Amino acid sequence: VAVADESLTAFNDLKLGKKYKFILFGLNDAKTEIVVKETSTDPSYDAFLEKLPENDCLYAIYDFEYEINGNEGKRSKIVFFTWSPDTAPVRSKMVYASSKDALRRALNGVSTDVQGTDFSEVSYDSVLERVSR
């Protein structure tokens, strides 16, 4: 496997440039590379779980943005989601499981990781709670 030279370029953009609000990667039609399947600059979070393939897997790097009180202001944390519902093809889940670290390691700056195996274990309060404590 491998990662599209354009895949990380999109990450380096959303990070230092805050270009996109998040990215949706995934194995190419040939299953040998990780190309950015989708990107968006939409703030709302209830729009992210709306682009999640209910019956499919994929990698996503969100730029979580929440509020704090200790240092009055907003804080951001890059999250690494890992979609893999109970509906996704078993043959398409084992390929997204192994070639997972392929992306993970390639990206430096990722704060938290979240495995997606249920729409409830990827919700706001779920990702936010694990983004602080």
# chains A, B, ... in the order shown; residues from 1 in each chain; ligands from 1

call {"tool": "residues_around", "arguments": {"residues": "region 19-32 of chain A", "least_positions_apart": "5", "cutoff": "6 Å", "atoms": "only C-alpha atoms", "output": "number ranges by chain"}}
result
A: 1, 13-14, 37-41, 58-63

call {"tool": "select_by_dssp", "arguments": {"residues": "chain A", "states": "strand (DSSP E or B)", "output": "ChimeraX atom specification"}}
result
/A:22-27,34-40,58-68,73-83,112-116

call {"tool": "closest_residue", "arguments": {"among": "A:4, A:103, A:79, A:97", "to": "residue 127 (chain A)", "atoms": "only C-alpha atoms"}}
result
A:79

call {"tool": "atom_distance", "arguments": {"atom1": "CA of residue 81 (chain A)", "atom2": "CA of residue 16 (chain A)"}}
result
19.5 Å

call {"tool": "residues_around", "arguments": {"residues": "residue 114 (chain A)", "least_positions_apart": "2", "cutoff": "9 Å", "atoms": "only C-alpha atoms", "output": "list in words"}}
result
residues 79, 80, 81, 82, 83, 112, 116, 121, 122, 127 and 130 of chain A

call {"tool": "residues_around", "arguments": {"residues": "residue 102 (chain A)", "least_positions_apart": "4", "cutoff": "10 Å", "atoms": "only C-alpha atoms", "output": "mmCIF file with N, CA, C and O atoms, in the first residue's frame"}}
result
data_model
loop_
_atom_site.group_PDB
_atom_site.id
_atom_site.type_symbol
_atom_site.label_atom_id
_atom_site.label_comp_id
_atom_site.auth_asym_id
_atom_site.auth_seq_id
_atom_site.Cartn_x
_atom_site.Cartn_y
_atom_site.Cartn_z
ATOM 1 N N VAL A 1 0.846 -1.228 0.000
ATOM 2 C CA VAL A 1 0.000 0.000 0.000
ATOM 3 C C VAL A 1 0.865 1.256 0.000
ATOM 4 O O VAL A 1 2.093 1.176 0.030
ATOM 5 N N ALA A 2 0.214 2.413 -0.033
ATOM 6 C CA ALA A 2 0.915 3.689 -0.033
ATOM 7 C C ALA A 2 -0.061 4.841 0.164
ATOM 8 O O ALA A 2 -1.269 4.632 0.267
ATOM 9 N N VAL A 3 0.470 6.056 0.222
ATOM 10 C CA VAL A 3 -0.353 7.243 0.397
ATOM 11 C C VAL A 3 -0.117 8.227 -0.742
ATOM 12 O O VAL A 3 1.026 8.516 -1.099
ATOM 13 N N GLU A 33 -3.276 2.682 -2.794
ATOM 14 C CA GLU A 33 -2.873 4.030 -2.416
ATOM 15 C C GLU A 33 -3.964 4.716 -1.608
ATOM 16 O O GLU A 33 -5.123 4.301 -1.635
ATOM 17 N N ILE A 34 -3.587 5.767 -0.889
ATOM 18 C CA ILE A 34 -4.542 6.515 -0.082
ATOM 19 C C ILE A 34 -4.741 7.916 -0.645
ATOM 20 O O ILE A 34 -3.973 8.831 -0.349
ATOM 21 N N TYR A 96 -9.078 -1.658 5.158
ATOM 22 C CA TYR A 96 -9.039 -0.327 5.749
ATOM 23 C C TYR A 96 -8.492 -0.393 7.171
ATOM 24 O O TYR A 96 -8.193 0.633 7.782
ATOM 25 N N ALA A 97 -8.368 -1.610 7.692
ATOM 26 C CA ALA A 97 -7.865 -1.812 9.043
ATOM 27 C C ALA A 97 -6.342 -1.865 9.064
ATOM 28 O O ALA A 97 -5.700 -1.204 9.882
ATOM 29 N N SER A 98 -5.770 -2.653 8.161
ATOM 30 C CA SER A 98 -4.322 -2.799 8.077
ATOM 31 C C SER A 98 -3.669 -1.544 7.508
ATOM 32 O O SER A 98 -2.783 -0.960 8.131
ATOM 33 N N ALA A 106 2.115 8.578 8.497
ATOM 34 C CA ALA A 106 2.446 9.573 7.482
ATOM 35 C C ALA A 106 2.070 10.990 7.911
ATOM 36 O O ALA A 106 2.681 11.960 7.461
ATOM 37 N N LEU A 107 1.072 11.113 8.779
ATOM 38 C CA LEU A 107 0.631 12.426 9.239
ATOM 39 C C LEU A 107 1.178 12.753 10.623
ATOM 40 O O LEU A 107 0.934 12.026 11.587
#

call {"tool": "residues_around", "arguments": {"residues": "residue 46 (chain A)", "least_positions_apart": "5", "cutoff": "12 Å", "atoms": "only C-alpha atoms", "output": "PyMOL selection string"}}
result
chain A and resi 51-52+119+122-124

call {"tool": "atom_distance", "arguments": {"atom1": "CA of residue 111 (chain A)", "atom2": "CA of residue 131 (chain A)"}}
result
8.1 Å

call {"tool": "select_by_dssp", "arguments": {"residues": "chain A", "states": "helix (DSSP H, G or I)", "output": "CSV table (one decimal) with C-alpha atoms, in the first residue's frame"}}
result
chain,number,residue,atom,x,y,z
A,5,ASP,CA,1.4,12.5,-2.5
A,6,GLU,CA,-1.7,14.7,-2.8
A,7,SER,CA,-3.2,13.1,0.3
A,8,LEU,CA,-0.7,14.6,2.7
A,9,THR,CA,-0.5,17.9,0.8
A,10,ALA,CA,-4.2,18.3,1.7
A,11,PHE,CA,-3.3,17.6,5.4
A,12,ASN,CA,-0.5,20.1,5.4
A,13,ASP,CA,-3.0,22.6,4.1
A,14,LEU,CA,-5.8,22.0,6.6
A,15,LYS,CA,-3.2,22.1,9.4
A,16,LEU,CA,-0.9,25.1,8.8
A,90,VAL,CA,-16.1,-7.5,5.7
A,91,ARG,CA,-13.8,-7.7,2.7
A,92,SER,CA,-13.5,-3.9,2.7
A,93,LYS,CA,-13.1,-3.6,6.4
A,94,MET,CA,-9.9,-5.7,6.7
A,95,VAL,CA,-8.2,-3.6,4.0
A,96,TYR,CA,-9.0,-0.3,5.7
A,97,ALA,CA,-7.9,-1.8,9.0
A,98,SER,CA,-4.3,-2.8,8.1
A,101,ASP,CA,-1.3,3.0,10.1
A,102,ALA,CA,-0.1,3.8,6.5
A,103,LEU,CA,-1.9,7.1,6.9
A,104,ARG,CA,-1.6,7.5,10.6
A,105,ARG,CA,2.2,7.5,10.7
A,106,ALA,CA,2.4,9.6,7.5
A,119,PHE,CA,-22.4,6.5,14.7
A,120,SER,CA,-22.7,7.0,18.4
A,121,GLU,CA,-19.0,6.4,19.1
A,122,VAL,CA,-18.1,9.2,16.7
A,124,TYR,CA,-19.5,15.4,19.1
A,125,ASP,CA,-19.7,14.8,22.9
A,126,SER,CA,-17.8,11.6,22.2
A,127,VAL,CA,-14.9,13.2,20.2
A,128,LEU,CA,-14.9,16.3,22.4
A,129,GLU,CA,-14.7,14.3,25.7
A,130,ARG,CA,-11.7,12.4,24.3
A,131,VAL,CA,-10.2,15.7,23.0
A,132,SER,CA,-9.8,17.2,26.4

call {"tool": "decode", "arguments": {"residues": "region 29-42 of chain A", "atoms": "N, CA, C and O atoms", "output": "compact mmCIF listing (two decimals), in the first residue's frame"}}
result
# COMPACT_ATOMS: atom_id res chain seq x y z
N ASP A 29 -9.54 3.01 -6.30
CA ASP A 29 -10.25 1.95 -7.00
C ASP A 29 -9.38 0.72 -7.21
O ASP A 29 -9.90 -0.38 -7.43
N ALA A 30 -8.07 0.90 -7.14
CA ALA A 30 -7.14 -0.21 -7.33
C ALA A 30 -6.69 -0.80 -6.00
O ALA A 30 -6.08 -1.86 -5.96
N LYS A 31 -7.00 -0.09 -4.92
CA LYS A 31 -6.63 -0.53 -3.58
C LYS A 31 -5.12 -0.71 -3.45
O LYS A 31 -4.63 -1.84 -3.32
N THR A 32 -4.39 0.39 -3.50
CA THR A 32 -2.94 0.36 -3.39
C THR A 32 -2.38 1.72 -2.99
O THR A 32 -1.17 1.89 -2.87
N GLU A 33 -3.28 2.68 -2.79
CA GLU A 33 -2.87 4.03 -2.42
C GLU A 33 -3.96 4.72 -1.61
O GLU A 33 -5.12 4.30 -1.64
N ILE A 34 -3.59 5.77 -0.89
CA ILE A 34 -4.54 6.51 -0.08
C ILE A 34 -4.74 7.92 -0.65
O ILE A 34 -3.97 8.83 -0.35
N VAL A 35 -5.78 8.07 -1.46
CA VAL A 35 -6.08 9.36 -2.07
C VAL A 35 -7.26 10.02 -1.38
O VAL A 35 -8.22 9.36 -0.98
N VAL A 36 -7.18 11.34 -1.23
CA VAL A 36 -8.25 12.10 -0.59
C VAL A 36 -9.55 11.94 -1.37
O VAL A 36 -9.72 12.49 -2.46
N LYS A 37 -10.48 11.18 -0.80
CA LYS A 37 -11.76 10.93 -1.43
C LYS A 37 -12.67 12.16 -1.38
O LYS A 37 -13.56 12.31 -2.21
N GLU A 38 -12.45 13.03 -0.40
CA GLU A 38 -13.28 14.22 -0.28
C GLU A 38 -12.75 15.23 0.75
O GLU A 38 -12.02 14.87 1.67
N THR A 39 -13.13 16.49 0.56
CA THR A 39 -12.73 17.57 1.46
C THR A 39 -13.84 18.60 1.57
O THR A 39 -14.68 18.71 0.67
N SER A 40 -13.86 19.36 2.66
CA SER A 40 -14.89 20.37 2.85
C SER A 40 -14.45 21.44 3.84
O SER A 40 -13.65 21.18 4.74
N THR A 41 -14.96 22.65 3.65
CA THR A 41 -14.64 23.76 4.53
C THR A 41 -15.87 24.19 5.31
O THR A 41 -16.03 25.36 5.65
N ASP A 42 -16.75 23.23 5.59
CA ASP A 42 -17.97 23.50 6.34
C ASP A 42 -17.72 23.35 7.84
O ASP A 42 -17.27 22.30 8.30
